[PDB]
$ cat entry-v8.cif   # mmCIF, C-alpha atoms
data_run
#
loop_
_atom_site.label_atom_id
_atom_site.label_comp_id
_atom_site.auth_asym_id
_atom_site.auth_seq_id
_atom_site.Cartn_x
_atom_site.Cartn_y
_atom_site.Cartn_z
CA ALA S 2 -11.06 -71.03 72.91
CA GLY S 3 -13.87 -72.89 71.12
CA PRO S 4 -15.67 -73.60 68.78
CA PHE S 5 -16.97 -76.71 70.55
CA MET K 1 -18.06 -49.11 50.30
CA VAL K 2 -14.84 -51.12 50.08
CA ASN K 3 -14.10 -54.24 52.12
CA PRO K 4 -10.48 -55.00 53.07
CA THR K 5 -8.73 -58.04 51.61
CA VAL K 6 -5.92 -59.71 53.54
CA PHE K 7 -3.73 -62.70 52.72
CA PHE K 8 -1.93 -65.51 54.53
CA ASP K 9 1.08 -67.30 53.07
CA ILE K 10 0.97 -70.75 54.65
CA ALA K 11 3.93 -73.01 55.37
CA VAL K 12 4.19 -76.58 56.65
CA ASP K 13 7.33 -77.26 58.66
CA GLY K 14 8.91 -74.35 56.83
CA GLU K 15 7.95 -75.50 53.34
CA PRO K 16 5.74 -72.90 51.62
CA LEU K 17 2.29 -74.32 50.88
CA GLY K 18 0.43 -71.50 49.18
CA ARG K 19 -1.66 -68.38 49.69
CA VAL K 20 -5.10 -67.77 51.14
CA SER K 21 -6.84 -64.39 50.81
CA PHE K 22 -9.91 -63.21 52.72
CA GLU K 23 -12.58 -60.61 52.22
CA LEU K 24 -13.37 -58.94 55.54
CA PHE K 25 -16.95 -57.70 55.90
CA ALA K 26 -16.10 -54.28 57.37
CA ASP K 27 -19.48 -53.05 56.12
CA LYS K 28 -21.32 -55.28 58.61
CA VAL K 29 -18.77 -56.17 61.30
CA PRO K 30 -16.44 -53.12 61.21
CA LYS K 31 -14.71 -53.47 64.59
CA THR K 32 -14.20 -57.23 64.24
CA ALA K 33 -12.93 -56.76 60.67
CA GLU K 34 -10.60 -53.90 61.64
CA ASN K 35 -9.10 -56.04 64.40
CA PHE K 36 -8.29 -58.91 62.02
CA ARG K 37 -6.95 -56.50 59.38
CA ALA K 38 -4.64 -54.72 61.82
CA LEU K 39 -3.35 -58.02 63.18
CA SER K 40 -2.63 -59.11 59.61
CA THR K 41 -0.53 -56.04 58.75
CA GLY K 42 1.20 -56.02 62.12
CA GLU K 43 0.87 -52.25 62.24
CA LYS K 44 0.29 -52.27 66.01
CA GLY K 45 3.50 -54.16 66.64
CA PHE K 46 2.04 -57.57 67.45
CA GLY K 47 0.18 -59.71 64.92
CA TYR K 48 -0.35 -62.98 63.04
CA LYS K 49 2.96 -63.25 61.20
CA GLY K 50 4.81 -66.28 62.55
CA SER K 51 1.90 -67.73 64.51
CA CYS K 52 0.61 -71.22 63.78
CA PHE K 53 -2.69 -73.07 63.44
CA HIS K 54 -2.73 -74.99 66.70
CA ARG K 55 -6.05 -76.74 66.06
CA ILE K 56 -7.13 -78.45 62.84
CA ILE K 57 -10.12 -80.78 62.75
CA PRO K 58 -10.62 -82.26 59.25
CA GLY K 59 -14.16 -81.68 58.03
CA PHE K 60 -14.82 -79.03 60.66
CA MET K 61 -12.34 -76.13 60.80
CA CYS K 62 -8.81 -74.75 61.04
CA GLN K 63 -8.10 -72.60 64.10
CA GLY K 64 -5.19 -70.24 64.70
CA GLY K 65 -4.39 -66.71 65.81
CA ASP K 66 -3.01 -67.30 69.32
CA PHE K 67 0.26 -65.43 68.89
CA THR K 68 0.99 -65.04 72.62
CA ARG K 69 0.65 -68.58 74.01
CA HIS K 70 0.43 -70.61 70.79
CA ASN K 71 -2.07 -73.14 72.14
CA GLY K 72 -5.53 -71.58 72.12
CA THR K 73 -5.18 -70.06 75.59
CA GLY K 74 -3.74 -66.73 74.50
CA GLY K 75 -4.04 -63.93 71.99
CA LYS K 76 -5.21 -60.34 72.23
CA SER K 77 -7.07 -57.80 70.08
CA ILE K 78 -6.05 -54.30 69.10
CA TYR K 79 -8.70 -53.11 71.57
CA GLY K 80 -7.29 -54.91 74.58
CA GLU K 81 -7.27 -58.50 75.82
CA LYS K 82 -10.83 -59.04 74.57
CA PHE K 83 -13.82 -57.23 73.05
CA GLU K 84 -17.57 -57.84 72.84
CA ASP K 85 -19.43 -59.80 70.18
CA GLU K 86 -20.15 -57.07 67.64
CA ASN K 87 -23.24 -58.77 66.16
CA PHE K 88 -24.56 -62.03 64.71
CA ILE K 89 -25.85 -60.92 61.34
CA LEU K 90 -23.68 -63.33 59.32
CA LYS K 91 -23.98 -67.11 59.64
CA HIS K 92 -21.73 -70.14 59.18
CA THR K 93 -23.16 -71.11 55.80
CA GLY K 94 -20.33 -73.24 54.46
CA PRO K 95 -16.62 -73.81 53.68
CA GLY K 96 -14.50 -70.66 53.64
CA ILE K 97 -16.37 -68.80 56.36
CA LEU K 98 -14.04 -66.83 58.62
CA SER K 99 -15.31 -66.63 62.19
CA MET K 100 -14.08 -65.56 65.63
CA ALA K 101 -12.96 -68.20 68.11
CA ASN K 102 -13.85 -67.44 71.73
CA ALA K 103 -14.28 -68.91 75.22
CA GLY K 104 -17.82 -67.68 75.75
CA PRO K 105 -19.78 -64.48 75.05
CA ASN K 106 -17.69 -61.32 74.68
CA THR K 107 -14.28 -63.00 74.81
CA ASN K 108 -13.08 -62.18 71.31
CA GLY K 109 -9.33 -61.73 71.16
CA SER K 110 -7.22 -62.64 68.14
CA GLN K 111 -8.11 -66.29 67.65
CA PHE K 112 -10.19 -67.17 64.60
CA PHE K 113 -11.19 -70.23 62.59
CA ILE K 114 -11.78 -71.05 58.94
CA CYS K 115 -14.72 -73.36 58.26
CA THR K 116 -14.23 -76.33 55.92
CA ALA K 117 -17.90 -77.32 56.15
CA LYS K 118 -21.30 -75.87 57.08
CA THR K 119 -21.26 -75.46 60.87
CA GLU K 120 -24.73 -74.07 61.58
CA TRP K 121 -24.61 -74.99 65.28
CA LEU K 122 -22.10 -72.18 65.80
CA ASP K 123 -24.56 -69.50 64.64
CA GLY K 124 -25.24 -66.97 67.37
CA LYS K 125 -22.18 -68.05 69.35
CA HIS K 126 -19.26 -67.02 67.14
CA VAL K 127 -19.06 -63.83 65.10
CA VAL K 128 -18.68 -64.37 61.34
CA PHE K 129 -16.75 -61.46 59.82
CA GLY K 130 -15.33 -62.60 56.49
CA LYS K 131 -14.77 -65.47 54.05
CA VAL K 132 -12.04 -67.06 51.95
CA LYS K 133 -11.68 -65.26 48.62
CA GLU K 134 -8.89 -67.33 47.06
CA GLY K 135 -6.91 -70.38 48.08
CA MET K 136 -9.71 -72.53 49.46
CA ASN K 137 -7.84 -75.61 48.17
CA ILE K 138 -4.91 -74.54 50.32
CA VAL K 139 -7.23 -74.62 53.31
CA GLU K 140 -8.49 -78.10 52.41
CA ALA K 141 -4.89 -79.20 51.98
CA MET K 142 -4.20 -78.07 55.56
CA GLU K 143 -6.73 -80.65 56.79
CA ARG K 144 -4.20 -83.30 55.78
CA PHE K 145 -2.19 -82.28 58.85
CA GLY K 146 -4.97 -82.26 61.44
CA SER K 147 -6.70 -84.91 63.54
CA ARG K 148 -10.04 -85.72 65.19
CA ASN K 149 -9.05 -83.93 68.38
CA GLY K 150 -7.23 -81.10 66.59
CA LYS K 151 -3.60 -81.91 67.35
CA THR K 152 -1.53 -81.21 64.22
CA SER K 153 1.13 -83.56 62.87
CA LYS K 154 3.24 -80.76 61.37
CA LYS K 155 4.02 -77.16 62.27
CA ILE K 156 1.51 -75.18 60.17
CA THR K 157 2.34 -71.48 60.29
CA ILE K 158 1.56 -68.12 58.75
CA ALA K 159 4.90 -67.44 57.06
CA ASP K 160 3.71 -64.00 56.01
CA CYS K 161 0.53 -61.93 55.90
CA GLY K 162 -0.71 -58.48 54.97
CA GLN K 163 -3.30 -56.36 53.24
CA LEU K 164 -3.94 -56.41 49.49
CA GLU K 165 -6.85 -53.99 49.03
#
$ encode --input "entry-v8.cif" --output "structure tokens"
Amino acid sequence: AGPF
Amino acid sequence: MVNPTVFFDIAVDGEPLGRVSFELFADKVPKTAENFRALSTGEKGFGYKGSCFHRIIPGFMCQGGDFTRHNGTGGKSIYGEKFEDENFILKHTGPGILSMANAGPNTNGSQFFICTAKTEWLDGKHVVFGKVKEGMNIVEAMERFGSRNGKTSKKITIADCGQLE
């Protein structure tokens, strides 16, 4: 899962 | 009304490091806040107690909450494996912001991240639902154990957690  | 306050007692390789408490904005993101709260008390059986922060990027954020696979690929909400993005009213305005981690729109599970800097580029993509109330220095201290790519040098875990108010 991100956040990028 | 009254917004819930939850706490996390952090430990590094078993050694207690301190407490971090959050204010959940149930008044604006009720479902998202309720999910986090319930996972913090463990009232549904499963929860955050014992899980670790698998991804820490100094100057960016601390990510945790995957209590099923422990590597960012798992986790589940009290509503099922994943729920929709409630809304994007709140923004990532600075250190302390509590936001939902996800793998694209409407993939909110149990993973979350705590911002240690203003991360405006995440606005509209991740749901902000709370912020650090106390223990922000404990969060900064956690950065000491992270790296550029997120891999952590020590086992950072949530020794205990629950609701205060």
$ resolve_selection --input "entry-v8.cif" --expression "the PyMOL selection byres ((chain K and resi 119) around 9)" --output "MDAnalysis selection string"
chainID K and resid 60:61 91:95 115:118 120:123
$ interface_residues --input "entry-v8.cif" --of "chain K" --to "chain S" --cutoff "6 Å" --atoms "all atoms listed in the file" --output "MDAnalysis selection string"
chainID K and resid 72 101:103
$ atom_distance --input "entry-v8.cif" --atom1 "CA of residue 12 in chain K" --atom2 "CA of residue 157 in chain K"
6.5 Å
$ resolve_selection --input "entry-v8.cif" --expression "the PyMOL selection byres ((chain K and resi 65) around 8)" --output "list in words"
residues 48, 51, 52, 53, 63, 64, 66, 67, 70, 75, 110, 111 and 112 of chain K
$ residues_around --input "entry-v8.cif" --residues "range 150-153 of chain K" --least-positions-apart "2" --cutoff "7 Å" --atoms "all atoms listed in the file" --output "number ranges by chain"
K: 54-57, 145-148
$ resolve_selection --input "entry-v8.cif" --expression "the PyMOL selection byres ((chain K and resi 23-40) around 8)" --output "MDAnalysis selection string"
chainID K and resid 1:7 21:22 41:44 46:49 77:79 86:87 89 110 129:133 161:163
$ atom_distance --input "entry-v8.cif" --atom1 "CA of residue 17 in chain K" --atom2 "CA of residue 71 in chain K"
21.7 Å
$ atom_distance --input "entry-v8.cif" --atom1 "CA of residue 10 in chain K" --atom2 "CA of residue 83 in chain K"
27.2 Å
$ axis_aligned_box --input "entry-v8.cif" --around "range 110-123 of chain K" --padding-each-side "5 Å" --output "lines of an AutoDock Vina configuration file"
center_x = -16.0
center_y = -70.0
center_z = 62.0
size_x = 27.5
size_y = 24.7
size_z = 22.2
